[PDB]
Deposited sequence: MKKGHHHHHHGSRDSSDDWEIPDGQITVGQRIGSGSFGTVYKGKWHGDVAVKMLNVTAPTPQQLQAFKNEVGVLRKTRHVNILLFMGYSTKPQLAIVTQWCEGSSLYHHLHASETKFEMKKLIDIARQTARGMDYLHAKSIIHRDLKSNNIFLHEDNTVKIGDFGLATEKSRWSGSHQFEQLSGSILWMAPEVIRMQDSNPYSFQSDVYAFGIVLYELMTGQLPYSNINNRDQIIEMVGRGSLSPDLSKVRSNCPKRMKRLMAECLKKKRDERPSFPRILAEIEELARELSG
């Protein structure tokens, strides 16, 4: 039916962060929620529908590894309401906490991410921006993928960089970088700190992630799987169901 939450039902709290679209706050609504208020004030009737369309896309996601959509608001500002995640992003663990994860967890996280990613493809949903920042680990066990309802070029496929370039293949490339981060412990092109350089080089096929940076612990069974994900040639990339099967066999 309708998942709108009437004005005054949510007690908006502390400002968590800002994104290109939206500002995230912690909220009070039958427990803890997260509210993403759109960068918008007025009830513009035509962008209203445009907003509602994105809600329609969100409300078709009922998977454990996808961040739980819970409702939307219209009156105290346009807003997306989801579950609250305890802990930090996958980016924070890998790069900002220096926290040592056992190799067993890494594969699980990838497996969880692939579970979420396959589901979106099954529902014919292209994420368009899958990175470790949009992967929230609830209580450091459970993957929640969000932010799918002049940017992050590290997870960007070659065909996306040079301009329909957004497809299920580009999400596959994004996952390879995610795997890279997990299996190398860091972001790609770390030595080359030049955005424009990377854009031009990865775009022309001159640059690709370095796999000598993977640790010895990494199974070469899916070290090969990255290569499949990280292919410059998009049609030579594995689909996510294909991907989901291979990763799972690792335990």
#### Entry: Ranges of the deposited sequence (numbered from 1) for which no C-alpha atom is modelled
1-16, 166-182, 197-199, 288-292
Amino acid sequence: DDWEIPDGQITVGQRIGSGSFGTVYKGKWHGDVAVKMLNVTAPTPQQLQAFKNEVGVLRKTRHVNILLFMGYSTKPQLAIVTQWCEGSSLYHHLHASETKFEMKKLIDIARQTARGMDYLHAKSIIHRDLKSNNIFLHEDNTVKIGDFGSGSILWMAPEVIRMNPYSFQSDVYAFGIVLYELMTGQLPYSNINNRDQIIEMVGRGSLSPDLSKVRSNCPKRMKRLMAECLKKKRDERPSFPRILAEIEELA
From here on, numbers count along this sequence of modelled residues.
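In this text, rigid core is short for the largest set of C-alphas that superpose within 1.5 Å between two forms.
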### Query
Fit on the core, then compare CA atoms: does 218-226 or 52-60 lie farther from this form in 5 other deposited structures of this protein?
52-60
### Task
Superpose on the core, then say which of 32-40 and 184-192 ends up with the larger RMS Cα offset from this form in 5 other deposited structures of this protein.
32-40
### Message
In a third or more of the other compared PDB entries with flanking residues modelled, does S150 go missing?
### Response
yes
### Summary
Mean Cα B-factor check, 177-185 vs 82-90, entry values; winner is 177-185
### Task
Give the stretch, out of 205-213 and 22-30, with the larger mean C-alpha temperature factor in the deposited entry.
205-213
### Task
Can you pull the Cα B-factors for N194, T61, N65, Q49 from the entry and say which is highest?
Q49
### Query
Of the choices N133, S97, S167, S73, which one's C-alpha carries the largest B-factor in the record?
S97
### Query
What third of its chain, lowest, middle or highest, does the C-alpha temperature factor of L137 fall into?
middle
### Message
Using the temperature factors of the C-alpha atoms in this entry, rank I243 within its chain: lowest, middle or highest third.
### Response
highest
### Summary
For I107, the third of its chain by CA B-factor is the highest
### Task
Check where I10 lands among this chain's C-alpha B-factors and tell me if it's the lowest, middle or highest third.
lowest
### Record-listed C-alpha B factor of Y119: chain third
middle
